[PDB]
Amino acid sequence: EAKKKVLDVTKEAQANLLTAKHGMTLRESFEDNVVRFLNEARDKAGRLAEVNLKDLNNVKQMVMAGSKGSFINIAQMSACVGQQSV
Amino acid sequence: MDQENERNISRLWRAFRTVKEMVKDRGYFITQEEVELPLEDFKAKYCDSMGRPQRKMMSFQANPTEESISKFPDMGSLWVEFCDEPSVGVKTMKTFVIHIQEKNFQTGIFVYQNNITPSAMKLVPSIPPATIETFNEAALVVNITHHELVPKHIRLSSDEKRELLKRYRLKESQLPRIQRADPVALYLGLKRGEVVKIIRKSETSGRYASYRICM
Amino acid sequence: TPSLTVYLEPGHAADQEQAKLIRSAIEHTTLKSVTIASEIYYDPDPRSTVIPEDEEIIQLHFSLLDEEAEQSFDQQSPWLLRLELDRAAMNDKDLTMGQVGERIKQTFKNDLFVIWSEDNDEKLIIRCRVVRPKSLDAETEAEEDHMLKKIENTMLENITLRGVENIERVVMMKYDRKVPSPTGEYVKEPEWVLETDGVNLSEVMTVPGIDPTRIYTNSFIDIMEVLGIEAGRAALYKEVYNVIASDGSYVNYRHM
Amino acid sequence: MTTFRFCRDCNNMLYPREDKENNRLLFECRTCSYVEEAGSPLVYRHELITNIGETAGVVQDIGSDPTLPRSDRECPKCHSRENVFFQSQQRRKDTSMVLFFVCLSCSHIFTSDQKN
Amino acid sequence: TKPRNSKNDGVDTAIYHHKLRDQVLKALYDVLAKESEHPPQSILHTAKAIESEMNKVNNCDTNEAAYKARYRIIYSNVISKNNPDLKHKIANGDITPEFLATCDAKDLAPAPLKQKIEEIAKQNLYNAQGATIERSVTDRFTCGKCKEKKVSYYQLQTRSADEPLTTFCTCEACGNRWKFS
């Protein structure tokens, strides 16, 4: 669904219908929309995969105790890595 | 009534109010009503039939309060005068100096509009013990002391300076220092070797008092 | 990247219109920025032209010029600064065509006279024709182009219609202050502020219509020069604390 | 739109000059005696900001570039459904993302923005 | 037959023996009567009314610059070929002389230019705004200042790769900021 949203924004911008945001170029607006959509997709998938886990999971036990890791690590090893930037 | 006329009139009124605030802050006697004079009365009094601002009638003499005399017995009367010419000539400066000298005033304030010739300012330090200080008009529109970042400063007497110096057991070259060209120093008219106290707010104790010396 | 943040007056804080008037009154406006075509054209006989668009403007002023202008008809340069002026840029800075276009420009040096139309024409066309004495030398009078290209460049670059120098941009922003409500608690209240790109604090401070007691910039040297050394100390503390705490790290107050 | 004019003798560009007794403009070559009569009072032009529509640039033999994408949109002229499409090839910062289509058969240019 | 004007209609323009007033009245009367079929007497009366209003609202001997500016504005509006209807109205009397005395330059323009003017004003007011940094919205972290869970996030590989990613959470309700690593 995130991919579909990004594709629709691309289609809208390719027909000169997209509106430039406040004090910020059209190309920057397109890039901002794409980045935000992809980041929210990764976060939501990570939270689903984290909620699935049982209480007898060792990684979840370590994360809950507070000794090693966080939900980002679980999301990347299980749900999806995400958007590489430079 | 071109817009520039009332623009200049408003800026001049602002400068007049700021100068009155400064004279009040130097320890002199100025009523609160005179500080808060509305611009309508200002236009009625200090403008001609054509609306030209008559600066020459704004010159006035101020005298210290009882409290200032008690704290500073040496303090005396002050005179302030405006100049109508865009640039101050040598003759005008000489006339102002002679007027101050014959009035036997200890200090005077000479506000000029745009520029002063070097020969005119040649005569500034030539009248001891009188002091002549100049204030460009474009720099007196807004009162500096009313900003949020400027704490409140106070001037100290000789007795208070001696008592502090003894109590902290110091020599005057170890205190923090403040320059002459510092805008607040010009505002208060601090000379060389005078100590100014600062009152400031603090996240750790609420209020805190510092001291500085004019170098 | 120097900057400067301006807070408006209490009365004008909640309304966008006075804010935009102030924003126009602060930003630096120059002629080269407001001409969609400040085209250097040949103007051999300014009495009549081939282009129909400027022909309508011709008879307007030719029936609207004083006797002195009638005498000075011959002073108008054999070249023209023909100004097709963009409507949007002119209206953005609240710039009236006549007063701003001619009052200051002719007052500065009595160098350039103009035939100008009222803003109602579909194409805002100004005819900038410089004014020179007829006593000019024969060798000088022959080299028309040589004087006028130079004076045209010095005209575009060195004439300031409105604003304050060195301030490239001014931008509107909305912030959320916290204020004691009349019942005593603290409530969130929005406000309009102006953030610039470029600092000139001595002149922005005196512009009417702003709050001259809440102005601040991230260039503590200017604050030191204008407001004092204790003000510079406070600004420097704010800068150091901001740079340290923008990473989430906490360092006790005594050290800083 | 001012155009350079070359002298017919030595190919040098013609400089303007005025004729006071007849009050007429002429173009003269500073090296020879050639003088020609000016046809318009428009000799020089200096625009500042370019209101130019974005251009697809070189089009000749663009269909043989194999790194250029494709589309199945229908030609408005020859009713063909195979074409090449690309973004504006002028590299301004603020250019919009408006496409350009070059037909495979009739080599007709059109855009995806059908503004009336 | 002939273009109606002061000389063609044989109407005297020297009534107040003022040179500037005489010539401006002659010019405005000529431009008004050139393309108008209305009888010249009421046109002359309207001209007298408008010039009297101009004189009474602003003395020429004291405000000659403003007088010239107002005359130029009105005259340019009259000559304006884009909107001929106005020369009907002033001939018809639909537009009162006081209205022309007080009206600004914009309102005398035709409807299309008016609409373009409001559109330009709206576009400029939109273009004077700053960049809005809208951050990702989420409801998991709890803020320490207002405890409103509308706290935005941003996470990246910034710390040394010997350690996992670093996240920074900023509360959009109060302005609190913190870091987790």
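Just so it is clear, A, B, C, D and E label the chains in written order, and each chain counts residues from 1 on its own.
We take it that a contact is a pair of C-beta atoms (placed from the backbone, for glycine too) under 8 Å apart; a residue touches a chain by one contact, two chains touch by 3 or more.
Chemist: Report the chain closest to the protein's overall CA mean, measuring from each chain's own CA mean.
Modeler: The most central chain here turns out to be C.
Chemist: Can you compute the centre-to-centre distance for subunit B and subunit C, using the mean CA position of each chain? Integer Å is fine.
Modeler: Centres of subunit B and subunit C (C-alpha means) sit 34 Å apart.
Chemist: How many angstrom lie between the centres of subunit B and subunit D, each centre taken as the mean Cα position?
Modeler: Centre-to-centre distance between subunit B and subunit D: 67 Å.
Chemist: Averaging over Cα atoms per chain, report the distance between subunit A and subunit D in Å.
Modeler: About 45 Å separates the centre of subunit A from that of subunit D.
Chemist: Round to the nearest whole Å and give the separation of the Cα centres of subunit D and subunit E.
Modeler: Averaging C-alpha atoms per chain gives centres 37 Å apart.
Chemist: Got the subunit A residues that touch at least 2 other chains?
Modeler: 23
Chemist: Which residues belonging to subunit E are in contact with no fewer than two other chains?
Modeler: Correct list: 127-130.
Chemist: Would you identify the shape of the chain contact graph, picking one of line, ring, star, complete or other?
Modeler: Contact pattern: none of line, ring, star or complete.
Chemist: What chain pairs are in touch here?
Modeler: A-D, A-E, B-C, C-D, C-E
Chemist: Enumerate the contact residues on subunit E facing subunit A in the complex.
Modeler: The contact residues of subunit E facing subunit A are 126-132, 134, 136, 138, 140, 153, 155-156, 164-165, 167, 180.
Chemist: Would you mind writing out the residues of subunit A in touch with subunit E in their complex?
Modeler: Contacts found on subunit A: 21-24, 36, 39-40, 43, 47, 69-70, 72-73, 85.
Chemist: Inside the complex, what are the residues of subunit D that reach subunit C?
Modeler: 16, 18, 23, 25, 40-49, 51
Chemist: Which of the residues in subunit E end up touching subunit C in this complex?
Modeler: Those residues of subunit E that touch subunit C are 27, 69, 71-73, 75-77, 79-83, 105-106, 108-109, 113, 116-117, 120-121, 123-125, 127-130, 168, 177-179.
Chemist: Which of the residues in subunit A end up touching subunit D in this complex?
Modeler: 13-16, 18, 25-27, 30
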